Structure formats: structure tokens, C-alpha cells
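For reference, the structure is listed below as C-alpha cells.
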Amino acid sequence: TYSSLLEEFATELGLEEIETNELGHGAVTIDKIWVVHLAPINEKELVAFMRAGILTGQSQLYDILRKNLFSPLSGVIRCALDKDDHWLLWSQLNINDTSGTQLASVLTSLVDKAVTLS
Amino acid sequence: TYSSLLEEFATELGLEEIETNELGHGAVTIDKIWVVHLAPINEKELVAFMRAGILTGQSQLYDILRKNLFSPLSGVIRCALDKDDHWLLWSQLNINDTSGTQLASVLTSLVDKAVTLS
Amino acid sequence: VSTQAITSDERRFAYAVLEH
Amino acid sequence: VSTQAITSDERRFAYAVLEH
């Protein structure tokens with residue numbers, strides 16, 4: 001099903017078929033600027049993630065930390081910093097619970113949050 | 001099972017039986033200083049969480065953000081800030097996947113991380 | 001884990017984080 | 001979501017975040 005999930009995400013988005021390596025890691029490019037990495041991470045779950053560029057200056061820190069609470073809902077977007085101090089955003093999702101169209105939805109959220117930090 | 005989970009956490013810890021309200025919210029006190037709140041949050045999952053007190057001064061911010069990455073593993077501890085700028089830490093766990101002794105384990109981790117921030 | 005069962009002004013601080 | 005399929009120096013930045 002991780003591969004059936006990518007089979008369907010590719011459909012709800014007419015794209016050739018997402019090439020994965022041996023760790024099922026794949027990537028998609030968005031508005032030509034954003035690379036979203038997709039990867040199974042456990043037996044039950046995948047990660048979608050991406051690089052978004054530098055920390056404003058400071059104190060978007062508090063604002064993310066103030067929103068880094070738990071949620072009843074899937075697809076929440078989380079932010080970390082890079083070794084080299086770029087925002088990294090990601091979401092982790094139950095692979096069986098997640099339709100191809102939920103995934104596209106997470107990615108849009110991913111790319112919204114980056115636009116806003118960047 | 002959320003109630004069977006608390007039934008077993010109470011055992012692996014000889015405690016009377018954890019009183020919950022109508023939202024199954026319960027609490028435990030630890031080393032006499034730490035209150036750990038337990039609550040079902042979804043149909044599949046619970047949250048364990050707690051207050052830990054004030055932000056050093058600054059820049060433990062970056063350090064948490066640098067560690068706010070995704071993980072293959074359950075029971076990871078996450079940190080937010082309070083309205084009133086206290087650390088809040090929490091972990092969210094699949095209620096069916098989680099033994100009473102995994103839970104005690106999360107709580108110890110919860111309380112370790114607070115001691116270290118506080 | 002070392003200690004045991006109770007609460008106070010958090011069925012306040014709790015009750016709330018539980019939506020915030 | 002608006003665009004489509006590829007990658008470059010991230011089978012590096014990726015390959016790595018995938019353990020870090």
C-alpha cells in the first residue's frame with residue numbers, strides 16, 4: 001500500500017508514476033521551486049517533507065513553538081530547523097488511513113507553510 | 001481500551017485506579033512536583049502531557065526546533081510554549097499499540113525532558 | 001517512574017490546553 | 001496542488017534528513 005498510495009496520488013494529479021528508490025524515497029517538484037520528499041518511515045507510516053529556507057532573523061521560533069501542540073487530526077505540519085538553519089517542514093501519516101487526495105492536500109499545506117515562513 | 005490502557009498503567013505502577021472525567025481526562029503526580037495529564041484525543045489515540053515552566057531566557061528554542069523532526073518511533077516527546085510562556089511537553093500514542101509499561105516509559109521521558117528544560 | 005495519583009488548578013490549565 | 005515529477009542535490013539533503 002505505500003506504493004498503492006503513490007500509485008493514487010499520481011492519479012489524482014495526472015503525473016507519470018513516482019519513481020522511488022529502494023528505500024521507497026521519492027520526490028515531487030511544486031510551482032517549480034519546492035521539492036517535496038515522500039518516504040515510508042515505519043511499517044505503518046510515511047513522511048512527506050521539505051526544505052523552506054532561512055530563519056527570518058529570529059522569533060518565528062516562538063510562533064512555531066506556540067503552535068507545536070498535539071492534534072486530533074492527521075496531516076498536521078511540523079517545523080524543525082536544519083544543521084544549516086533552514087526551515088524543514090514535514091507531516092507523518094498513516095499509510096492506510098491516507099487517500100491520494102489527502103496526501104495532495106498535505107502537500108499543499110506543506111507548501112503554504114513554507115511560503116509563509118519564506 | 002483507553003480505559004483498559006489506564007487499567008494496566010495503574011498496575012505496572014500499583015496506584016489505586018486513575019480517575020477520569022467524562023472526557024476520560026486524568027492526571028498523575030510525579031516526584032510530587034510534576035502533573036502528567038492523560039487524555040484520549042481521536043478514536044485511535046491518547047495524549048500524555050504536562051507543564052514544565054519558563055523559557056530559559058531564549059535559544060533553547062532553536063535547540064528544540066532542531067530536534068522537532070519526524071521519527072519512526074512512538075513515544076517521542078514534543079515541546080510547545082504556553083500562552084504564558086511555559087514549556088508544555090506532550091507525546092501522542094496509538095492506544096492499541098501502547099502497553100501500560102510503554103506508557104510509564106513515556107511519562108519518564110516526559111519528566112526527564114522537563115527537568116532538563118527547567 | 002517514581003510517584004502517584006492526584007490534581008488541582010489544571011482541570012483548569014489542562015481543561016483548556018485540551019483545545020487552545 | 002499545482003506542479004509535477006523530479007529531483008537533484010537532495011538524494012543528498014533528503015538521503016541525510018532521512019537519519020539526522
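Note on naming: chains are A, B, ... as they come in the C-alpha cells, residues start from 1 per chain, ligands start from 1 in the order shown.
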
Sorted by chain and rising residue number, list the residues of stretch 17-59 of chain A at most 10 Å from stretch 1-5 of chain D (counting only C-alpha atoms), each with its closest atom pair and distance in Å to one decimal, as a tab-separated table.
residue	atom	partner	partner_atom	distance
A:17	CA	D:5	CA	8.4
A:18	CA	D:5	CA	7.0
A:19	CA	D:5	CA	8.6
A:26	CA	D:5	CA	9.3
A:27	CA	D:5	CA	7.2
A:28	CA	D:5	CA	4.9
A:29	CA	D:4	CA	5.3
A:30	CA	D:3	CA	4.6
A:31	CA	D:3	CA	5.3
A:32	CA	D:3	CA	6.7
A:33	CA	D:3	CA	9.6
A:34	CA	D:3	CA	9.4
A:35	CA	D:5	CA	9.4

Which of stretch 40-116 of chain A DSSP labels helix (DSSP H, G or I), written as a PyMOL selection string = chain A and resi 60-66+100-116

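Residue nearest residue B:12 within the list B:71, B:24, B:104, B:118: B:104 [criterion: smallest interatomic distance, only C-alpha atoms].
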
Show which residues sit within 12 Å of stretch 50-56 of chain B, as an MDAnalysis selection string. Count only C-alpha atoms, and ignore same-chain residues fewer than 6 positions away.
-> (chainID A and resid 62 65:66 69:70) or (chainID B and resid 26:30 33:39 62:64 77:91 106:118) or (chainID C and resid 9:10 13:14 17:18)

Any chance you could export the current selection's N, CA and C atoms as a compact mmCIF listing (two decimals), in the first residue's frame?
# COMPACT_ATOMS: atom_id res chain seq x y z
N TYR A 62 9.40 31.38 18.37
CA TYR A 62 8.38 31.28 19.40
C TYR A 62 7.13 30.87 18.71
N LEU A 65 6.82 27.24 17.95
CA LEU A 65 6.73 26.58 19.28
C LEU A 65 5.43 26.69 20.00
N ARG A 66 4.80 27.85 19.92
CA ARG A 66 3.43 28.14 20.44
C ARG A 66 2.36 27.34 19.69
N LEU A 69 1.62 21.88 19.20
CA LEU A 69 0.80 21.19 20.11
C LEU A 69 0.29 20.00 19.44
N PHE A 70 -0.32 19.12 20.21
CA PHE A 70 -0.83 17.91 19.64
C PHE A 70 -2.23 18.12 18.95
N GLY B 26 -7.47 12.37 32.85
CA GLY B 26 -6.95 12.01 34.13
C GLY B 26 -5.58 12.64 34.29
N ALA B 27 -5.09 12.50 35.49
CA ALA B 27 -3.86 13.15 35.84
C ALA B 27 -3.09 12.24 36.81
N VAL B 28 -1.78 12.41 36.84
CA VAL B 28 -0.94 11.64 37.78
C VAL B 28 0.00 12.67 38.31
N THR B 29 0.40 12.56 39.60
CA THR B 29 1.53 13.44 40.12
C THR B 29 2.79 12.63 40.30
N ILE B 30 3.91 13.26 39.93
CA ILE B 30 5.23 12.60 39.79
C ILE B 30 6.24 13.37 40.55
N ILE B 33 6.00 16.93 42.22
CA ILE B 33 6.09 18.28 41.58
C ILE B 33 5.41 18.40 40.15
N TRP B 34 5.46 17.28 39.44
CA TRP B 34 5.05 17.16 38.07
C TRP B 34 3.68 16.53 37.97
N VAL B 35 2.80 17.25 37.32
CA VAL B 35 1.46 16.66 36.92
C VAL B 35 1.47 16.32 35.47
N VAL B 36 1.24 15.03 35.22
CA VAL B 36 1.08 14.48 33.92
C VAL B 36 -0.41 14.18 33.67
N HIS B 37 -0.95 14.91 32.69
CA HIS B 37 -2.34 14.74 32.13
C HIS B 37 -2.38 13.76 31.08
N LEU B 38 -3.37 12.90 31.14
CA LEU B 38 -3.56 11.84 30.17
C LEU B 38 -4.96 12.10 29.53
N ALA B 39 -5.11 11.94 28.22
CA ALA B 39 -6.47 12.17 27.63
C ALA B 39 -6.55 11.53 26.26
N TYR B 62 15.86 27.34 19.60
CA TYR B 62 16.47 26.74 18.43
C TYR B 62 16.63 25.30 18.73
N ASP B 63 17.06 24.95 19.96
CA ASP B 63 17.53 23.56 20.23
C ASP B 63 16.38 22.53 20.16
N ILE B 64 15.25 22.88 20.70
CA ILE B 64 14.05 22.11 20.46
C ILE B 64 13.70 22.05 18.96
N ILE B 77 8.80 12.86 22.44
CA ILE B 77 8.38 13.94 23.26
C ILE B 77 8.47 15.18 22.50
N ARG B 78 7.42 16.02 22.57
CA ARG B 78 7.42 17.26 21.68
C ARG B 78 7.27 18.37 22.58
N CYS B 79 7.78 19.55 22.24
CA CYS B 79 7.65 20.72 23.16
C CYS B 79 6.99 21.86 22.42
N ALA B 80 6.09 22.55 23.13
CA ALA B 80 5.42 23.79 22.73
C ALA B 80 5.68 24.80 23.83
N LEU B 81 5.41 26.07 23.50
CA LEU B 81 5.09 27.06 24.51
C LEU B 81 3.63 27.42 24.73
N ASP B 82 3.32 27.57 26.02
CA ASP B 82 2.19 28.24 26.69
C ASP B 82 1.83 29.70 26.22
N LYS B 83 0.52 30.06 26.23
CA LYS B 83 0.10 31.47 26.26
C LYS B 83 1.07 32.28 27.14
N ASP B 84 1.17 31.85 28.42
CA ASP B 84 2.09 32.41 29.45
C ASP B 84 3.50 31.78 29.51
N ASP B 85 4.04 31.45 28.34
CA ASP B 85 5.46 31.18 28.03
C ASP B 85 6.28 30.14 28.81
N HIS B 86 5.50 29.21 29.39
CA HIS B 86 5.96 27.94 29.98
C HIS B 86 6.11 26.80 28.95
N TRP B 87 7.16 25.99 29.05
CA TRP B 87 7.21 24.79 28.22
C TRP B 87 6.03 23.87 28.49
N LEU B 88 5.42 23.35 27.43
CA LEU B 88 4.43 22.26 27.50
C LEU B 88 4.98 21.10 26.68
N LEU B 89 5.03 19.95 27.25
CA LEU B 89 5.59 18.81 26.55
C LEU B 89 4.54 17.73 26.34
N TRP B 90 4.61 16.92 25.32
CA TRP B 90 3.49 16.00 25.18
C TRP B 90 3.95 14.94 24.28
N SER B 91 3.27 13.84 24.32
CA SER B 91 3.51 12.76 23.37
C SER B 91 2.17 12.17 22.96
N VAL B 106 6.69 6.57 28.74
CA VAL B 106 6.66 7.88 28.06
C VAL B 106 6.70 8.85 29.15
N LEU B 107 6.06 8.55 30.20
CA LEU B 107 6.00 9.62 31.25
C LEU B 107 7.30 10.02 31.88
N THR B 108 8.16 9.00 31.97
CA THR B 108 9.51 9.17 32.49
C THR B 108 10.13 9.96 31.50
N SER B 109 10.07 9.63 30.22
CA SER B 109 10.64 10.61 29.33
C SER B 109 10.04 11.99 29.39
N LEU B 110 8.82 12.07 29.76
CA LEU B 110 8.26 13.36 29.72
C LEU B 110 9.03 14.08 30.84
N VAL B 111 8.95 13.55 32.03
CA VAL B 111 9.61 14.16 33.19
C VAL B 111 11.11 14.32 33.03
N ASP B 112 11.81 13.45 32.36
CA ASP B 112 13.21 13.84 32.05
C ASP B 112 13.38 15.08 31.33
N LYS B 113 12.64 15.23 30.20
CA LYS B 113 12.76 16.45 29.37
C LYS B 113 12.36 17.65 30.13
N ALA B 114 11.39 17.59 31.01
CA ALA B 114 11.10 18.83 31.78
C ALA B 114 12.17 19.29 32.74
N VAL B 115 12.90 18.30 33.27
CA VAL B 115 13.87 18.52 34.34
C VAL B 115 14.93 19.25 33.61
N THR B 116 15.32 18.73 32.45
CA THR B 116 16.28 19.38 31.59
C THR B 116 15.93 20.75 31.02
N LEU B 117 14.67 21.00 30.74
CA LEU B 117 14.40 22.36 30.37
C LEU B 117 14.33 23.26 31.62
N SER B 118 14.02 22.71 32.80
CA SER B 118 13.64 23.57 33.95
C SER B 118 14.75 23.85 34.98
N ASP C 9 -5.49 23.08 40.03
CA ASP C 9 -5.84 24.25 39.09
C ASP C 9 -5.26 24.02 37.67
N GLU C 10 -5.79 22.94 37.10
CA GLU C 10 -5.33 22.34 35.87
C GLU C 10 -6.55 21.58 35.19
N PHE C 13 -5.85 24.62 33.72
CA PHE C 13 -4.73 24.61 32.72
C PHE C 13 -4.73 23.43 31.71
N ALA C 14 -5.08 22.26 32.26
CA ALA C 14 -5.45 21.09 31.47
C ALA C 14 -6.72 21.38 30.70
N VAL C 17 -5.87 23.43 27.50
CA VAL C 17 -4.79 23.00 26.54
C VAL C 17 -5.42 22.01 25.65
N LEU C 18 -6.16 21.10 26.29
CA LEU C 18 -7.24 20.35 25.64
C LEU C 18 -8.27 21.18 24.76

If you run DSSP on the backbone, which residues of stretch 10-105 of chain B are strand (DSSP E), as a ChimeraX atom specification?
-> /B:26-30,34-40,45-54,78-81,86-94

Restricting the output to C-alpha atoms, write the selected residues as a tab-separated table (two decimals), in the first residue's frame.
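As a result, again_38.tsv now contains:
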chain	number	residue	atom	x	y	z
B	26	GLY	CA	-6.95	12.01	34.13
B	27	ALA	CA	-3.86	13.15	35.84
B	28	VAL	CA	-0.94	11.64	37.78
B	29	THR	CA	1.53	13.44	40.12
B	30	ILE	CA	5.23	12.60	39.79
B	34	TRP	CA	5.05	17.16	38.07
B	35	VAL	CA	1.46	16.66	36.92
B	36	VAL	CA	1.08	14.48	33.92
B	37	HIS	CA	-2.34	14.74	32.13
B	38	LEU	CA	-3.56	11.84	30.17
B	39	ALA	CA	-6.47	12.17	27.63
B	40	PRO	CA	-7.91	10.38	24.60
B	45	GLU	CA	-5.16	7.85	20.20
B	46	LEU	CA	-4.18	9.49	23.51
B	47	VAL	CA	-2.15	12.31	24.63
B	48	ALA	CA	0.11	12.44	27.68
B	49	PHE	CA	1.19	15.93	28.64
B	50	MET	CA	2.48	18.45	31.08
B	51	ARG	CA	3.52	21.87	32.14
B	52	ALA	CA	7.32	22.46	32.78
B	53	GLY	CA	8.00	26.21	33.35
B	54	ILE	CA	9.60	29.19	31.83
B	78	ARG	CA	7.42	17.26	21.68
B	79	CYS	CA	7.65	20.72	23.16
B	80	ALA	CA	5.42	23.79	22.73
B	81	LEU	CA	5.09	27.06	24.51
B	86	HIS	CA	5.96	27.94	29.98
B	87	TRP	CA	7.21	24.79	28.22
B	88	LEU	CA	4.43	22.26	27.50
B	89	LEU	CA	5.59	18.81	26.55
B	90	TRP	CA	3.49	16.00	25.18
B	91	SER	CA	3.51	12.76	23.37
B	92	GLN	CA	0.64	11.11	21.41
B	93	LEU	CA	0.27	7.48	21.22
B	94	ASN	CA	-1.76	4.82	19.49

Any idea what the distance is between atom CA of residue A:102 and atom CA of residue A:9?
-> 8.6 Å

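Distances to chain A were evaluated for B:5, B:103, B:61, B:13 using only C-alpha atoms, and the minimum falls at B:61.
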
Between B:11, B:105, B:4, B:42, which has the minimum distance to residue B:75 (counting only C-alpha atoms)?
-> B:105

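Picture a line from atom CA of residue B:101 to atom CA of residue B:23; it runs 22.9 Å.
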
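Here atom CA of residue B:58 is placed at a distance of 23.9 Å from atom CA of residue D:20.
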